[PDB]
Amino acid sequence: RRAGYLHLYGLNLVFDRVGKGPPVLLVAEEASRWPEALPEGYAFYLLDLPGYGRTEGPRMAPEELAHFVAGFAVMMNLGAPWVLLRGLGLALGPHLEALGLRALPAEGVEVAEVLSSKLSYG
């Protein structure tokens, strides 16, 4: 696994990367909320949202946070990756949708099962 950061909106948003394949954003308060073994075949980006984990920043409302996530997708040239949500991430869902990013709640369910359900044979 690997850590890195993107300078965006005057902040340095820290995140973890791992895997190769179509890109998928994993969004919770921070990378630590995704402990499960992730599946092969996808380029995962685990964001630490501003104000949590390793990303220094102020505490912002859900809609402001959603712009940081939409901002991340375009600045990293990920196009329109799917966004899995957990914890504080859940509250971003509606806002992400309005920004053109499909949001998939993954609270209490492993990433491997989510990507399979919403993709695998059906």
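Don't overthink the numbering: it's just position in the shown sequence, from 1.
- Averaged over their C-alpha atoms, the temperature factors of 37 to 45 and 64 to 72 are higher for 37 to 45.
- Between 21 to 29 and 110 to 118, it is 110 to 118 that carries the larger average Cα temperature factor according to the deposited entry.
- Placement of the Cα temperature factor of residue 85 within the chain: lowest third of the modelled residues, per the deposited record.
- When all modelled residues of the chain are sorted by CA temperature factor, residue 50 is found within the lowest third.
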